[PDB]
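Right, one structure below, let's go through it.
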Amino acid sequence: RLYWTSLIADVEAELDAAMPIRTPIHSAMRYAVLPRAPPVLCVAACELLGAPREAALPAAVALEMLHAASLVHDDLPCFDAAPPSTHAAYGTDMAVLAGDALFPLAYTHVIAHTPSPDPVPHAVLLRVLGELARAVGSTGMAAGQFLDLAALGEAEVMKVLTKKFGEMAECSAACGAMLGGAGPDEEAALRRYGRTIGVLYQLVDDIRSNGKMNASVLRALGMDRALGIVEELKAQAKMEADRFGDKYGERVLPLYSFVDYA
Amino acid sequence: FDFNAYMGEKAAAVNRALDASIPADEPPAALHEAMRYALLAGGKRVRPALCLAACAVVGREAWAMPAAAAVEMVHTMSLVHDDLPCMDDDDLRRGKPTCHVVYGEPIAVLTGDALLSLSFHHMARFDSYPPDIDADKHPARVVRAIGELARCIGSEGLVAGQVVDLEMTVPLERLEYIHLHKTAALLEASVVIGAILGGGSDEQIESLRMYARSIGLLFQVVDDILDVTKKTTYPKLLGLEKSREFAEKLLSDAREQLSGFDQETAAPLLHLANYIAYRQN
């Protein structure tokens, strides 16, 4: 529902006051997280198990910063090479340097809010920091981007979304999870949801495409299937979501249907 | 006590930890190799060394080995990107072709990005840390060690440093500001998160911080001096032995910071700072 809209507006406000103009590159960062669906999944997933949220807002903010950091790096010139750019605005020079400042910005905003004392004892915190780092690490996303540097068509070779667009919401779910006290039984359970809800939004969208950025599915293979993977990811996701009992999980579902369509 | 032997040993320890952190069997293999080609690429291993010695001077060195791996990864990311054509070029140094030479630009891009993460990853992971850790206070330490590490990397640390240089005759205040924030920042991180993972007092932590802040400048002032032997710089602005005078002061500055410690345990931090000064690289 619009609920999502509310969350997004709040995220935007904390971010602005997180990045202040002070000196120096700073001007450049703001024009990278300024100029769906990873962050919000997390707050709401976090709401589950019933945790005061101000506890998950920092995670959402860190998440958008992380998305942007590797965003800048994905439409850098030495990647796709075909058309305003966050890199061609301040120079490919500062562009690099910027995202390199955004990674530690997340982990810093995370440690600052995401109040450690009271709820969210630190071990949980390290787990969260590790999750975000892993999410953008060699294992996921960077591998996803690397895979997606052009070949493209494979039956199961074609699932780079799973690492490029998949393992970004995977943590975003798993992040929410640990924040409010999720059990391991619900650890991969909640995280299984993330992987396959990240693919959904992207996989659906590769019909019309300001976002993040080859190796698309439709071009790659029979649409009937593309259209077919959709239910297969809807159904799977729906299974994992259903695990949950003792609603409200009404909200955890609409995420699956918002995707179809904006 | 023999310092060179000590360095040789810690360098090896750090190296082994580093090899251990990156399995070359996992699938984005070129990327993992690229990370290894970068990280494992020799080097003296000084930043990990400060972190470590900072832990024993204030606790024992295996407590802070994950962070010593982390800053050496953080630092590696600070070199994989520096070698890119978009920035500094200078494709080949040591005797190694730079990382963008072997794997191209974009792999070099993702290799720094994987490391940065890996460093924060490896530091947060409790799987990384030994068992003889005071389990209680130590988790809360790792949070602030990460956040001290994080504070010195971003917009308040190195990047500010990497950028002001990229601005392009230059005044002093701004010269020392660049150095204080492209080299001195990373060293502050190392010895503080080392002191933190040692469990040291704030007095101990801060004194070690301005310790590193001075040997930070000291590091790169010498680099601006050794250049003459065999870009706006320090001997240009002040005079040559006006820069050997300045250097001589910054050392002595850092030394009386270890006044509060016992030369016993700090002998590595001392021999370290001396090495940074009279190095003939």
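Quick note on naming: the chains in the structure tokens go A, B, ... in the order shown, residues restart at 1 in each chain, and ligands are numbered from 1 in order of appearance.
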Taking only C-alpha atoms into account, report as a list in words which residues of chain B lie within 6 Å of chain A. residues 28, 86, 87, 114, 117, 118, 121, 124, 125, 140, 147, 150, 154 and 155 of chain B
Every residue of segment 85-233 of chain B that DSSP places in alpha helix (DSSP H), as JSON, numbers by chain: {"B": [99, 100, 101, 102, 103, 105, 106, 107, 108, 109, 110, 111, 112, 113, 114, 115, 116, 117, 118, 119, 120, 121, 122, 123, 124, 137, 138, 139, 140, 141, 142, 143, 144, 145, 146, 147, 148, 149, 150, 151, 152, 153, 158, 159, 160, 161, 162, 163, 164, 165, 172, 173, 174, 175, 176, 177, 178, 179, 180, 181, 182, 184, 185, 186, 187, 188, 189, 190, 191, 192, 193, 194, 195, 196, 197, 198, 202, 203, 204, 205, 206, 207, 208, 209, 210, 211, 212, 213, 214, 215, 216, 217, 218, 219, 220, 221, 222, 223, 224, 225]}
Pick out the residues sitting within 8 Å of residue 177 of chain A, and hand them over as a VMD selection string; count only C-alpha atoms, and ignore anything fewer than 5 positions along from it in its own chain. chain A and resid 42 45 to 46 182 186 to 187 190
When you look at residue 114 of chain A with a cut-off of 7 Å (counting only C-alpha atoms), what residues show up, excluding the ones that are within fewer than 6 positions of it in the same chain? I need them as a list in words. residues 55, 56 and 58 of chain A
Quick one: write out the picked residues with N, CA and C atoms as an mmCIF file, in the first residue's frame?
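Result went into out-v8.cif, see below:
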```
data_model
loop_
_atom_site.group_PDB
_atom_site.id
_atom_site.type_symbol
_atom_site.label_atom_id
_atom_site.label_comp_id
_atom_site.auth_asym_id
_atom_site.auth_seq_id
_atom_site.Cartn_x
_atom_site.Cartn_y
_atom_site.Cartn_z
ATOM 1 N N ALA A 55 14.349 1.386 15.329
ATOM 2 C CA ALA A 55 15.427 0.416 15.317
ATOM 3 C C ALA A 55 15.831 -0.067 13.937
ATOM 4 N N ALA A 56 14.894 -0.032 12.993
ATOM 5 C CA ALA A 56 15.164 -0.481 11.632
ATOM 6 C C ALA A 56 15.306 0.617 10.603
ATOM 7 N N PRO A 58 17.508 2.963 10.754
ATOM 8 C CA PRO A 58 18.898 3.101 10.357
ATOM 9 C C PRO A 58 19.251 2.072 9.361
#
```
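Counting from atom CA of residue 211 of chain B, the distance to atom CA of residue 255 of chain B is 7.5 Å.
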At a cut-off of 12 Å, using only C-alpha atoms, what residues contact residue 192 of chain A? Leave out same-chain residues fewer than 2 positions from it and give the result as a ChimeraX atom specification. /A:162,166-174,177,185-190,194-199,233,236-241,243
Kindly export the residues of the current selection with N, CA and C atoms, as a PDB file, in the first residue's frame.
```pdb
ATOM      1  N   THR A 162      19.724 -13.149  -9.130  1.00  0.00           N
ATOM      2  CA  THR A 162      19.763 -13.798  -7.866  1.00  0.00           C
ATOM      3  C   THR A 162      20.897 -13.269  -7.057  1.00  0.00           C
ATOM      4  N   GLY A 166      19.035 -10.072  -6.488  1.00  0.00           N
ATOM      5  CA  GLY A 166      18.544 -10.984  -5.479  1.00  0.00           C
ATOM      6  C   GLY A 166      19.117 -10.727  -4.101  1.00  0.00           C
ATOM      7  N   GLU A 167      20.439 -10.797  -3.976  1.00  0.00           N
ATOM      8  CA  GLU A 167      21.080 -10.772  -2.661  1.00  0.00           C
ATOM      9  C   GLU A 167      21.187  -9.359  -2.068  1.00  0.00           C
ATOM     10  N   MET A 168      20.380  -8.435  -2.573  1.00  0.00           N
ATOM     11  CA  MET A 168      20.325  -7.106  -1.984  1.00  0.00           C
ATOM     12  C   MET A 168      19.074  -6.980  -1.128  1.00  0.00           C
ATOM     13  N   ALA A 169      17.998  -7.628  -1.552  1.00  0.00           N
ATOM     14  CA  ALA A 169      16.796  -7.685  -0.741  1.00  0.00           C
ATOM     15  C   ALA A 169      16.896  -8.890   0.171  1.00  0.00           C
ATOM     16  N   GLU A 170      17.803  -9.816  -0.151  1.00  0.00           N
ATOM     17  CA  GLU A 170      17.937 -11.003   0.693  1.00  0.00           C
ATOM     18  C   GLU A 170      18.383 -10.551   2.032  1.00  0.00           C
ATOM     19  N   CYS A 171      19.415  -9.756   2.082  1.00  0.00           N
ATOM     20  CA  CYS A 171      19.805  -9.273   3.391  1.00  0.00           C
ATOM     21  C   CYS A 171      18.670  -8.414   3.946  1.00  0.00           C
ATOM     22  N   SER A 172      18.190  -7.451   3.153  1.00  0.00           N
ATOM     23  CA  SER A 172      17.125  -6.524   3.566  1.00  0.00           C
ATOM     24  C   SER A 172      15.990  -7.208   4.319  1.00  0.00           C
ATOM     25  N   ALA A 173      15.721  -8.458   3.962  1.00  0.00           N
ATOM     26  CA  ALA A 173      14.808  -9.289   4.728  1.00  0.00           C
ATOM     27  C   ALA A 173      15.517  -9.803   5.968  1.00  0.00           C
ATOM     28  N   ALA A 174      16.654 -10.458   5.757  1.00  0.00           N
ATOM     29  CA  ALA A 174      17.437 -11.031   6.845  1.00  0.00           C
ATOM     30  C   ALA A 174      17.875  -9.972   7.854  1.00  0.00           C
ATOM     31  N   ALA A 177      14.947  -9.301   9.947  1.00  0.00           N
ATOM     32  CA  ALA A 177      14.824 -10.524  10.740  1.00  0.00           C
ATOM     33  C   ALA A 177      15.514 -10.437  12.095  1.00  0.00           C
ATOM     34  N   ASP A 185      15.168 -20.727  12.366  1.00  0.00           N
ATOM     35  CA  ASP A 185      14.173 -21.440  11.593  1.00  0.00           C
ATOM     36  C   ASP A 185      13.616 -20.418  10.646  1.00  0.00           C
ATOM     37  N   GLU A 186      13.492 -19.203  11.164  1.00  0.00           N
ATOM     38  CA  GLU A 186      12.999 -18.088  10.383  1.00  0.00           C
ATOM     39  C   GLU A 186      14.166 -17.324   9.766  1.00  0.00           C
ATOM     40  N   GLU A 187      15.399 -17.774  10.008  1.00  0.00           N
ATOM     41  CA  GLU A 187      16.529 -17.059   9.428  1.00  0.00           C
ATOM     42  C   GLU A 187      16.615 -17.155   7.913  1.00  0.00           C
ATOM     43  N   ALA A 188      16.709 -18.357   7.366  1.00  0.00           N
ATOM     44  CA  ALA A 188      16.719 -18.521   5.924  1.00  0.00           C
ATOM     45  C   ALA A 188      15.309 -18.372   5.384  1.00  0.00           C
ATOM     46  N   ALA A 189      14.324 -18.671   6.229  1.00  0.00           N
ATOM     47  CA  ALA A 189      12.922 -18.524   5.859  1.00  0.00           C
ATOM     48  C   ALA A 189      12.641 -17.095   5.432  1.00  0.00           C
ATOM     49  N   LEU A 190      12.950 -16.157   6.316  1.00  0.00           N
ATOM     50  CA  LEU A 190      12.741 -14.750   6.019  1.00  0.00           C
ATOM     51  C   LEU A 190      13.660 -14.296   4.891  1.00  0.00           C
ATOM     52  N   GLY A 194      13.505 -12.719   0.727  1.00  0.00           N
ATOM     53  CA  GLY A 194      14.220 -11.566   0.216  1.00  0.00           C
ATOM     54  C   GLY A 194      14.819 -11.794  -1.155  1.00  0.00           C
ATOM     55  N   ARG A 195      15.573 -12.883  -1.296  1.00  0.00           N
ATOM     56  CA  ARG A 195      16.203 -13.240  -2.566  1.00  0.00           C
ATOM     57  C   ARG A 195      15.199 -13.215  -3.704  1.00  0.00           C
ATOM     58  N   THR A 196      14.049 -13.820  -3.453  1.00  0.00           N
ATOM     59  CA  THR A 196      13.094 -14.103  -4.505  1.00  0.00           C
ATOM     60  C   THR A 196      12.084 -12.987  -4.689  1.00  0.00           C
ATOM     61  N   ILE A 197      12.120 -12.004  -3.800  1.00  0.00           N
ATOM     62  CA  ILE A 197      11.305 -10.814  -3.984  1.00  0.00           C
ATOM     63  C   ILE A 197      12.138  -9.733  -4.656  1.00  0.00           C
ATOM     64  N   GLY A 198      13.455  -9.895  -4.607  1.00  0.00           N
ATOM     65  CA  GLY A 198      14.345  -8.988  -5.301  1.00  0.00           C
ATOM     66  C   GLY A 198      14.326  -9.310  -6.777  1.00  0.00           C
ATOM     67  N   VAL A 199      14.357 -10.602  -7.084  1.00  0.00           N
ATOM     68  CA  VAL A 199      14.303 -11.055  -8.464  1.00  0.00           C
ATOM     69  C   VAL A 199      12.997 -10.630  -9.095  1.00  0.00           C
ATOM     70  N   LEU A 233       8.118 -17.585  -8.958  1.00  0.00           N
ATOM     71  CA  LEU A 233       8.736 -16.765  -7.925  1.00  0.00           C
ATOM     72  C   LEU A 233       7.678 -16.188  -6.991  1.00  0.00           C
ATOM     73  N   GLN A 236       6.639 -19.367  -4.880  1.00  0.00           N
ATOM     74  CA  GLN A 236       7.663 -19.661  -3.892  1.00  0.00           C
ATOM     75  C   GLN A 236       7.648 -18.636  -2.766  1.00  0.00           C
ATOM     76  N   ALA A 237       7.675 -17.380  -3.165  1.00  0.00           N
ATOM     77  CA  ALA A 237       7.712 -16.307  -2.216  1.00  0.00           C
ATOM     78  C   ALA A 237       6.517 -16.413  -1.338  1.00  0.00           C
ATOM     79  N   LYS A 238       5.368 -16.696  -1.943  1.00  0.00           N
ATOM     80  CA  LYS A 238       4.120 -16.832  -1.207  1.00  0.00           C
ATOM     81  C   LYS A 238       4.204 -17.951  -0.178  1.00  0.00           C
ATOM     82  N   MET A 239       4.948 -19.006  -0.500  1.00  0.00           N
ATOM     83  CA  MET A 239       5.083 -20.119   0.421  1.00  0.00           C
ATOM     84  C   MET A 239       5.849 -19.683   1.657  1.00  0.00           C
ATOM     85  N   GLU A 240       6.963 -19.031   1.385  1.00  0.00           N
ATOM     86  CA  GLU A 240       7.797 -18.601   2.488  1.00  0.00           C
ATOM     87  C   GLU A 240       7.047 -17.604   3.362  1.00  0.00           C
ATOM     88  N   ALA A 241       6.307 -16.706   2.738  1.00  0.00           N
ATOM     89  CA  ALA A 241       5.569 -15.719   3.504  1.00  0.00           C
ATOM     90  C   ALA A 241       4.515 -16.355   4.379  1.00  0.00           C
ATOM     91  N   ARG A 243       4.529 -19.164   5.702  1.00  0.00           N
ATOM     92  CA  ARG A 243       5.040 -19.789   6.882  1.00  0.00           C
ATOM     93  C   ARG A 243       4.550 -18.940   8.022  1.00  0.00           C
TER      94      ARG A 243
END
```
Quick one: everything within 7 Å of segment 235-248 of chain B, counting only C-alpha atoms, minus sequence neighbours fewer than 3 positions away in the same chain. Send it as an NGL selection string. :B and (218 or 221 or 225 or 232 or 251-252)
Atomic distance atom CA of residue 209 of chain B - atom CA of residue 38 of chain B, expressed in Å with one decimal: 28.1 Å
Compile the contact shell of segment 50-67 of chain B as a PDB file with C-alpha atoms, in the first residue's frame: residues with an atom at most 6 Å away, counting only C-alpha atoms, same-chain residues fewer than 2 positions apart removed.
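The resulting file, part_18.pdb, is shown below:
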```
ATOM      1  CA  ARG B  47      49.153  -0.779   9.031  1.00  0.00           C
ATOM      2  CA  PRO B  48      48.193  -4.226  10.165  1.00  0.00           C
ATOM      3  CA  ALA B  69      43.410  -7.832   8.142  1.00  0.00           C
ATOM      4  CA  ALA B  70      40.666  -5.238   7.714  1.00  0.00           C
ATOM      5  CA  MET B 123      35.654  -7.389  11.289  1.00  0.00           C
ATOM      6  CA  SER B 190      44.643   0.969  12.870  1.00  0.00           C
ATOM      7  CA  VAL B 191      46.096   1.858  16.267  1.00  0.00           C
ATOM      8  CA  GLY B 194      43.793  -2.059  17.844  1.00  0.00           C
ATOM      9  CA  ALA B 195      43.627  -0.260  21.180  1.00  0.00           C
ATOM     10  CA  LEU B 197      40.181  -4.481  20.598  1.00  0.00           C
ATOM     11  CA  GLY B 198      42.841  -4.439  23.299  1.00  0.00           C
ATOM     12  CA  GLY B 200      42.351   0.078  26.523  1.00  0.00           C
ATOM     13  CA  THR B 265      55.252  -3.407  25.527  1.00  0.00           C
ATOM     14  CA  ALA B 266      55.485  -0.305  23.386  1.00  0.00           C
TER      15      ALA B 266
END
```
Best match for closeness to residue 202 of chain A among A:120, A:11, A:230, A:65, counting only C-alpha atoms: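 Closest to residue 202 of chain A, using only C-alpha atoms: A:230.
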For the atom pair atom CA of residue 29 of chain B and atom CA of residue 103 of chain B, what is the interatomic distance in Å to one decimal place?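 Separation of atom CA of residue 29 of chain B and atom CA of residue 103 of chain B: 12.2 Å.
Residue nearest residue 7 of chain A, chosen from A:61, A:160, A:34, A:252 and counting only C-alpha atoms: A:61.
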Which residue is closest to residue 88 of chain A? Choose from A:13, A:152, A:63, A:28 and count only C-alpha atoms. A:28
Backbone-only DSSP, strand (DSSP E or B) members of segment 89-226 of chain B, as a ChimeraX atom specification: /B:92-93,96-97
Just C-alpha atoms for this one: save the residues we selected as a PDB file, in the first residue's frame.
```pdb
ATOM      1  CA  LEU B  92      52.882  -0.537 -12.807  1.00  0.00           C
ATOM      2  CA  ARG B  93      54.716  -0.234  -9.476  1.00  0.00           C
ATOM      3  CA  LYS B  96      53.822  -5.978 -10.349  1.00  0.00           C
ATOM      4  CA  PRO B  97      51.530  -4.817 -13.119  1.00  0.00           C
TER       5      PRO B  97
END
```
In terms of the shortest atom-to-atom distance over only C-alpha atoms, which of A:113, A:219, A:251, A:212 is closest to residue 154 of chain A?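 The closest residue to residue 154 of chain A is A:219.
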